[PDB]
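S.K.: Before we start, here is the structure in question, set down as structure tokens.
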Amino acid sequence: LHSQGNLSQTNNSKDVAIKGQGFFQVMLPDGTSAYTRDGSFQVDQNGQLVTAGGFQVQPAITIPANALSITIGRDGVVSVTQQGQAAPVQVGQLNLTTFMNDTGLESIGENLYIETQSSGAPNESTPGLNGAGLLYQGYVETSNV
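First residue of the sequence shown? That's 80 in the entry's author numbering, and the numbers climb one at a time after it.
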């Protein structure tokens, strides 16, 4: 496995902590894939869900421009609320990617990591299944691991 950090509650909807194994998958500015535990989410200039570093989550998730709030469930379901509408509208699925050897991941800076020969191939799964951890919106993973 890898070293889990302690989950502190911030109540910020942008913060999504991972409880257990897995990394968020993002697309680097050059088109390649990277991975991170930094669940600090955002909406880029075209409604795409991105991380704190500004990197688009992979696969792409589009947030409607009229979305009032974004909810990310423990299973990774991404939904939004819209004015006067009672039911939440699901807009995407946030996946968690696991590796055989997290130590083998290469740091590329900004809390991002990429797949290496030592890390093994990525295993993309739903949060909660196949060893992948769970997502806790409003929580941060503290670096005091």
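Built from N, CA and C at the ideal position, the CB exists for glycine as well.
1) Determine the DSSP secondary structure at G155, reduced to helix, strand or coil.
2) Report the partner residues of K93 according to the DSSP bridge assignment.
3) Thinking just about the alpha-carbon of each residue, which of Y114, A96, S87 and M106 is nearest to the one in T182?
4) So, helix, strand or coil for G183, using DSSP?
5) Taking the beta carbon of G212 as the centre, do at least 16 other beta carbons fall within 10 Å, making it buried, or is it exposed?
6) For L80, does the count of other Cβ atoms within 10 angstroms reach 16, so buried, or fall short, so exposed?
7) Taking all protein chains shown into account, decide if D117 is buried (16 or more other Cβ within 10 angstroms of its Cβ) or exposed.
8) Closest by CA to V122, which one among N180, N145 and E220?
9) So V224 and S82 are in contact, right, with Cβ under 8 Å, and what is the actual spacing, rounded?
10) Take every Cβ of the stretch 101-113, pair it with every Cβ of the stretch 125-143, and state whether three or more of those distances are shorter than 8 Å.
11) Using the three-state DSSP reduction, which class does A211 fall into: helix, strand or coil?
12) Reducing DSSP to helix, strand and coil, say where residue 21 ends up.
13) Can you find the residues in the same chain that come closer than 6 Å, C-beta to C-beta, to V157, ignoring five residues on each side of it along the sequence?
14) Let me check one thing: in DSSP terms, what residues is residue 67 bridge-paired to?
M.R.: In this structure, then:
1) On the sequence shown, residue 155 is found 76 positions in, with the first residue counted as 1. Coil, per DSSP.
2) Locating residue 93 in the sequence shown gives position 14, counting from the first residue. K93 is not bridged to any residue.
3) In the sequence shown, residue 182 corresponds to position 103, counting from 1. Considering only alpha carbons, the answer is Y114.
4) Mapped onto the sequence shown, residue 183 falls at position 104. Helix at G183.
5) To locate residue 212, count along the sequence shown from 1; it is residue 133. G212 counts as buried, since at least 16 other C-beta atoms from the protein chains shown sit within 10 angstroms of its C-beta.
6) On the sequence shown, position 1 is the one that residue 80 refers to. The residue in question, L80, is exposed, as its Cβ has fewer than 16 Cβ neighbours within 10 Å.
7) In the sequence shown, residue 117 corresponds to position 38, counting from 1. Buried.
8) Counting from one through the sequence shown, the residue named residue 122 turns up at place 43. In terms of Cα proximity to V122, the closest of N180, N145 and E220 is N145.
9) Counted from its first residue, the sequence shown places residue 224 at position 145. Counted from its first residue, the sequence shown places residue 82 at position 3. Contact holds; Cβ gap of about 4 Å.
10) Result yes; three or more Cβ-Cβ pairs closer than 8 Å.
11) For the purposes of this step, residue 211 is identified with residue 132 of the sequence shown, where counting begins at 1. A211: strand per DSSP, three-state reduction.
12) Only positions 80 to 224 of the chain appear in this structure, which leaves residue 21 out of reach.
13) Locating residue 157 in the sequence shown gives position 78, counting from the first residue. Closer than 6 Å at the Cβ level, and outside the excluded window around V157, lie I140, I151, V170, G171 and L173.
14) Residue 67 is absent from the model: the chain starts at 80 and stops at 224.
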